[PDB]
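# Analysis of the macromolecular model
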Amino acid sequence: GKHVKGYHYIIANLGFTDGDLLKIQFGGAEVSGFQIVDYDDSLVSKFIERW
Amino acid sequence: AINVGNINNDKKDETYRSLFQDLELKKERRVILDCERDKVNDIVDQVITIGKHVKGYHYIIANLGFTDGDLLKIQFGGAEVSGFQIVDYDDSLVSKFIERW
């Protein structure tokens, strides 16, 4: 129970959304990370469809 | 007292976070459940997702199947949990029954 409102974590990899992330989406603790593969970029979306 | 019966399976996670953003109004650190064992394990899970199980909360499970569910998950949170059990697993009549079951 160390993920409530008060704790703050930093993911130090270029794959934030690569791993499972929803598990702490509602813990209240703010979570920040890094995304090199911007799933919002156009090239990646057409890639995701085929993927 | 909060009616938790009338809910469907699709809009389940929404009406639950809103139920504890409503139990957060009373700052209710002491909650009683009093439901069937199938609905017990479903309620337990969403509590851990929001994080209402650290040192400060106290829950009372109102059914005869305390150990009949799974309890090792909420065993390291911090809150006090209470319940009721009728099947004594230290009796020789149940031991001679558990040794065969």
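This write-up is about the structure you can find in this document. (Residues numbered from 1 in each chain as written, not as in the entry; some residues may be left out. Chains lettered and ligands numbered in written order. Part of a larger assembly, values for the part shown. Heavy atoms only, no water.)

### Section: the overall build of chain B
From N to C terminus, chain B includes three helices and three strands. Helices and strands appear in chain B in the N-to-C order α-β-α-β-β-α. Summarising its shape, the C-alpha atoms of chain B cover approximately 50 × 30 × 20 Å along the three principal directions. Counting across all 101 residues of chain B, residues that qualify as buried make up 24%. Sequence separation of 24 or more characterises 48% of the internal contacts of chain B that already satisfy a separation of 6 or more. (Helix = DSSP H or I, 4+ residues; strand = E, 2+ residues; numbered from the N terminus. Buried < 20%, exposed > 50% of the residue type's maximum accessible area, 1.4 Å probe, protein only. Contact = heavy atoms within 4.5 Å.)

### Examining the layout of surface pockets
Picture a little ball the size of a water molecule; that probe, rolled over the atoms, points out where space is still empty. Residues and elements named next belong to chain B. Of the pockets and cavities examined, the largest pocket occupies roughly 790 Å³. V31, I32, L33, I43 and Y59 are, among the 37 residues lining the largest pocket, the residues nearest its centre. Take the lining of the largest pocket: its biggest share by element is seven residues, from helix α2 (residues 37-50). For the second largest pocket, the calculated volume is near 270 Å³. It is helix α1 (residues 12-23) that contributes the most residues to the lining of the second largest pocket, three residues altogether. (1 Å grid on protein atoms, 1.4 Å probe; cavity = no way out; pocket = protein on both sides within 12 Å on 5 of 7 lines; lining within 4 Å. Points joined across faces, edges and corners; volume = space filled by probe spheres on them.)

### What about the interface of chain B and chain A?
At the junction of the two partners, chain B supplies seven residues and chain A supplies six residues. Together, the buried faces of chain B and chain A total about 500 Å²; carbon and sulfur atoms form 57% of this surface. At the boundary of chain B and chain A, one finds zero salt bridges. Linking chain B with chain A are zero residue pairs in polar contact, by the criterion used here. (Buried area = accessible area lost by both parts, 1.4 Å probe. Salt bridge = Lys/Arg side-chain N within 4 Å of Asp/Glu carboxyl O. Polar contact = N/O pair within 3.5 Å; in protein donor to acceptor, adjacent residues only side chain to side chain.)

### Considerations on the packing of aromatic side chains
Ring pairs (aromatic) are described by centroid distance and by the angle formed between their planes. Taken as a whole and assessed by the stated rule, the structure comprises four aromatic pairs over all chains. Judged by centre distance (5.3 Å) and plane angle (20 degrees), the rings of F47 of chain A and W51 of chain A are stacked. When its relative accessible area of 79% is taken as the criterion, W51 of chain A is described as exposed. Judged by centre distance (6.1 Å) and plane angle (10 degrees), the ring pair of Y57 of chain B and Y59 of chain B falls under stacked. Looking at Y57 of chain B, the relative accessible area reads 8%, which means it is buried. A relative accessible area of 10% places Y59 of chain B in the buried class. (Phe/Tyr/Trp six-rings, centres within 6.5 Å; stacked < 30°, edge-to-face > 60°.)

### Examining the sheet that holds strand β1 (residues 30-32) of chain B
Residues and elements named next belong to chain B. With parallel pairing, three strands are arranged side by side in an open sheet as β1-β2-β3. What marks the edges here is a single partner per strand, and that holds for β1 and β3 (80-82). Direction aside, the axes of adjacent strands within the sheet are offset by 10 degrees on average. (Pairing = 2+ DSSP bridges. Axes fitted to C-alpha atoms, helices over the stretch in contact; angles between N-to-C directions.)

### Topic: the pattern of salt bridges
Residues and elements named next belong to chain B. If you walk through the whole model with that rule in mind, you get four salt bridges over all chains. A salt bridge links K11 to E14, with the nearest nitrogen and oxygen atoms 2.5 Å apart. Overall, the relative accessible area of 47% leaves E14 in the partly exposed class. The network of salt bridges with common partners includes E24, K27 and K52.

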